[PDB]
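In: Below you'll find the sequence and an experimental structure to go with it.
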Amino acid sequence: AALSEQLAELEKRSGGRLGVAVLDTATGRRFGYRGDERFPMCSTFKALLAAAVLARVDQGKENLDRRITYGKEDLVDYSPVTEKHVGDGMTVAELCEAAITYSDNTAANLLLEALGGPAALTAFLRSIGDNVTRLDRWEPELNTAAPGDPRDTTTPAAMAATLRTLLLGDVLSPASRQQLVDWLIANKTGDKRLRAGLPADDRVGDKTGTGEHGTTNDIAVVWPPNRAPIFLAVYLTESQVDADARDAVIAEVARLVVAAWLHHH
Amino acid sequence: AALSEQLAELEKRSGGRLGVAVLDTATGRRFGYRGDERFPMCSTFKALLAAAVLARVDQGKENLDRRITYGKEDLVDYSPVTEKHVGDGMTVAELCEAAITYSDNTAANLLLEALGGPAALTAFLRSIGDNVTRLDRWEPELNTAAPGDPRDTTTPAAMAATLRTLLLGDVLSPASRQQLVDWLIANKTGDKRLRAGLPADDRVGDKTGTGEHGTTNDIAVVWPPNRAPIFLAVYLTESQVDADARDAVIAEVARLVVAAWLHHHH
Amino acid sequence: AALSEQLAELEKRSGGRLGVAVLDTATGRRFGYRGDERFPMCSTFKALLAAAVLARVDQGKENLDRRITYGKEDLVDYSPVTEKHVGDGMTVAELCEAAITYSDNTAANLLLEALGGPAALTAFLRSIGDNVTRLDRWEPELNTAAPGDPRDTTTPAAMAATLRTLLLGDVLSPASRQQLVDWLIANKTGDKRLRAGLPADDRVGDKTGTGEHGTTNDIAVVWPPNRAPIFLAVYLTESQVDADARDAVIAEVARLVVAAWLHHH
Ligand SMILES: O=[N+]([O-])c1ccc2nn[nH]c2c1
Ligand SMILES: O=[N+]([O-])c1ccc2nn[nH]c2c1
Ligand SMILES: O=[N+]([O-])c1ccc2nn[nH]c2c1
Ligand code: NA
């Protein structure tokens, strides 16, 4: 219980509530700190969104090259890619890439539309045995992160196990598994979070999330050199420290976890 | 037509709108009084909620032993089992048992979340050919029972038929069928309603519902001695009599239906 | 295209926004004018609603002869058939017939209940590869047609493609496709729109839509003599002319599309 104690101290310093799940596929060994408590997902849901879209592509019900057009009026805030393509539109794949690697919010709304809504995202998760995660609203309202509101939440343990199933299970075809991995590995938004505490020679894919009420999140798949991948889901909400210090909490969680795994071997 | 006249009179004495459906599987014989009209389900939907969960267990997408945790602030009113387990949580199976046999409302929400919400329960019902019943809202709001509002409603006939399909058709595995039976037979909230009016030697499973606007419901599977099961769905809403008197209306429906089915055979 | 320019002028006279898609199954030829912009469906979605009901009949999950009863409080405006059957109810088939050929609004709400609501119609569309069209609301609210609101919209191109798939593809059984076709051919509400501008010896089925903000729509399947069918989806919204002039805009679209198709040869 040393990791547990250090995480509790860290949580105390943050002023908020911190959830952590680790899933090591070399052994099946897990670790949880509030792993079975609900947390607002904010943009971490977008990893699941892209999986759902890829599943439809595997089914022949969707095409990565299909072009979606939209208006200036459709933009919501934090849309650094989609705001550049009002004139020419974007393909389903480009929206996926933008939603994951730049956390583009309009991209995610267009892609929820492609599924038919947040309820369809939730059905896809239920179809793969994640009985926990739920999406309820669109961008930007799904980031309100109100305490005690179960909408648009997951648990760290549920997210970790679902990310595992998606990337290593047979939910997605091999080509779609690789595509999702490649998008996560190319994430541009996460350099001050889990990536920052991880050893530099770890190969990392991640998706961040950020919201109201001091919410800062990050989920990742990590390949240490010559080892099976490890899944790490970290959620922080109700934090009373500023945005930089919240990023550092997440970076510190990776440091703490890595050091804990080191003392297993 | 004598049973229909009797039920018209009892309806007048309830001061509300009464709905009855009977489905005898010995013969397929049916009877309805307003069997075609919508009524607020209130907790009777939980029988269907448990069925949806079990079907996902059948499918390997859900596990009855899967533990679910929650906090004090997730509790809603009428949660006598879930309020005792804020600390250690409950399994899928324990929640379905609390939802059925104690009508626990928070257990029902947690289970709705396990399906993905009211719309997922509705979709389950559409997937077994129930094109009538609909769940729109969560607990406690789905009990508002406002006249003319179709949300969260069924008809007596559709609920009797869906209950028959669930317990005796091939929607559920045989193990899951028996589990749903066992839960309804184990119900603790229905002693003043249909059970009260049925002959003591009948073996009975039921699920009650109770809501605003004087809404008082009960659905049952009933095995008379050496006889095939009969399904009985009874809905009472907009009633102007007090709660013990509404319960007695339901008990009287069971007495009248039993007496009329006797007159069938003899 | 001269046709694109002719439609631009017609659009400008209308003061609103005009969308046109043509899909010719004899040749594969396609034409679009704003074919990829979203437009409020209003009652044109009822052609999709019926198809989704017929799908379930085909699946053994629904019955055309099933009777639905309802009370007088359940009626919404524009229910010329259902208001005559509060006493005795209507069958599913009757309700589809009323929703398509008289654009009965209560009939559409009862059938939407039969599916389980707007999201279940959206899920039907997604299941056949229409990743665009969406239903969100019930009658009468789905007709508000606010500019910029993507609820209850399609695109002219998506709707022409979906209609083609429903009426000619393998989604519906031979009997259900013929039944949908017969209902469209029996439409009573479209005499001043596309039908009015098509040559009199064309065999036509159609579904109209009308809404707030100057919205007037008509989608149609057309069989010219001795020819495979042509799908024609025409949406007009934000128009600044009165209801009769908007109908005449739709008639003129048909005339212009016919003339353009003649001058291909
Ligand atoms: O992601 N991780 O939970 C994790 C665990 C152990 C490690 N060792 N090196 N990188 C690691 C990452
Ligand atoms: O549940 N029943 O409607 C029902 C009908 C006839 C009966 N006879 N004995 N028990 C009976 C129950
Ligand atoms: O519906 N049409 O787009 C259409 C196009 C060309 C035609 N020529 N004859 N009828 C026609 C209908
Ligand atoms: Na009526």
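Out: Received it, and whenever you're ready, just let me know what you need. Residues are numbered from 1 along each chain as shown, chains lettered A, B, ... in the order given. Ligands and ions are numbered 1, 2, ... in the order given.
In: any idea how far stretch A:98-114 is from the chain center?
Out: From the chain centre to the centre of stretch A:98-114 is a distance of 13 Å (CA atoms, centre = their mean, to the nearest Å).
In: Now it: buried residues?
Out: Under the neighbour-count criterion of 16 or more other CB atoms under 10 Å in any protein chain shown, stretch A:98-114 has A:98-114 buried. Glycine gets a C-beta too; all of them are placed from N, C-alpha and C.
In: now swap in stretch A:217-227 and tell me
Out: Residues A:217, A:218, A:219, A:220, A:221, A:222, A:223, A:224 are the ones in stretch A:217-227 that count as buried (16+ other CB under 10 Å).
In: Please tabulate the residues you listed in JSON lines and include secondary structure and distance to residue C:183 as additional columns.
Out: Formatted as JSON lines, these follow (DSSP: H, G, I helix; E, B strand; the rest coil; distance: CB to CB, whole Å):
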{"residue": "A:217", "secondary structure": "strand", "distance to residue C:183": "51"}
{"residue": "A:218", "secondary structure": "strand", "distance to residue C:183": "53"}
{"residue": "A:219", "secondary structure": "strand", "distance to residue C:183": "49"}
{"residue": "A:220", "secondary structure": "strand", "distance to residue C:183": "54"}
{"residue": "A:221", "secondary structure": "strand", "distance to residue C:183": "52"}
{"residue": "A:222", "secondary structure": "strand", "distance to residue C:183": "57"}
{"residue": "A:223", "secondary structure": "strand", "distance to residue C:183": "58"}
{"residue": "A:224", "secondary structure": "coil", "distance to residue C:183": "63"}
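In: So the residue sitting nearest the centre point of chain A, which state does it fall into?
Out: Geometric centre of chain A, nearest residue: residue A:44, 2.7 Å, by CA atoms, centre = their mean. Here residue A:44 is helix, with the state taken from DSSP: H, G, I helix; E, B strand; the rest coil.
In: Find the closest residue to ligand 3 in chain A.
Out: In chain A, the residue that lies nearest ligand 3 is residue A:69 (22.8 Å; CB to the nearest ligand atom).
In: on that earlier part again, just the buried residues of stretch A:98-114: which are in helices?
Out: Secondary structure from DSSP state H places A:98-101, A:105-114 of the buried residues of stretch A:98-114 in helices.
In: about what we covered before: which non-adjacent residue is nearest the residue nearest to the centre of chain A?
Out: What sits nearest to residue A:44 in space, not counting adjacent residues and going by CB to CB, 6 or more residues apart in numbering or on different chains, is residue A:209, at 4.1 Å.
In: same thing with residue A:90?
Out: For residue A:90, ignoring the flanking residues on the chain, the nearest one in space by CB to CB, 6+ apart is residue A:68 at 6.1 Å.
In: Over to residue A:164?
Out: residue A:231 (5.2 Å).
In: my read is that neighbour is in a strand, agree?
Out: Yes: the assignment for residue A:231 (three-state DSSP) places it in a strand.
In: quick one on the thing from earlier: farthest-separated two in the ones in helices among the buried residues of stretch A:98-114?
Out: Longest distance between any two of these is 20.0 Å, between A:101 and A:113; criterion CB to CB.
In: if we can go back for a sec, which of the ones in helices among the buried residues of stretch A:98-114 sits closest to chain C?
Out: Lowest distance from chain C to those (CB to the nearest CB) belongs to residue A:114, with 4.9 Å.
In: Verify the stated contact: the closest one with residue C:133.
Out: No: contact between residue A:114 and residue C:133 fails when scored by CB atoms under 8 Å: they sit 11.3 Å apart.
In: which strand residues sit across from the residue nearest to residue A:164 in the sheet?
Out: Note on residue A:231: beta-bridge partners residue A:23, residue A:221, judged by DSSP bridges.
In: Wait, it touches residue A:162, no?
Out: No: Residue A:231 lies out of contact with residue A:162 (CB under 8 Å); the separation is 9.3 Å.
In: which residues do the two both contact?
Out: Jointly contacting residue A:231 and residue A:162 under the rule CB atoms under 8 Å, 6 or more residues apart in numbering or on different chains is no residue at all.
In: ok, now which ones touch the residue lying closest to residue A:199 once chain neighbours are set aside?
Out: Leaving aside its sequence neighbours, residue A:199 sits nearest to residue A:258 (CB to CB, 6+ apart; 6.5 Å). Residues in contact with residue A:258 (CB under 8 Å, 6+ apart) are A:197, A:198, A:199.
In: Counting neighbours, what do you get for the second one?
Out: Read that as residue A:198. For residue A:198, the count of nearby residues is 21 (other CB atoms under 10 Å in any protein chain shown).
In: residues touching it, list them.
Out: Residue A:198 touches A:204, A:220, A:222, A:254, A:258, counting by CB under 8 Å, 6+ apart.
In: can you rerun that using 10 Å?
Out: Contact partners of residue A:198, counting by CB atoms under 10 Å, 6 or more residues apart in numbering or on different chains, are A:204, A:206, A:220, A:222, A:224, A:232, A:251, A:254, A:255, A:257, A:258.
In: Buried residues, stretch A:49-60. List them.
Out: Neighbour-count burial for stretch A:49-60, with 16+ other CB under 10 Å as criterion, is recorded at A:49, A:50, A:51, A:52, A:53, A:54, A:55, A:56, A:57, A:58.
In: how about the residue of chain A most remote from its centre, secondary structure?
Out: Note on chain A: the largest C-alpha distance from the chain mean falls to residue A:87, namely 29.4 Å (CA atoms, centre = their mean). Following three-state DSSP, residue A:87 is assigned to coil.
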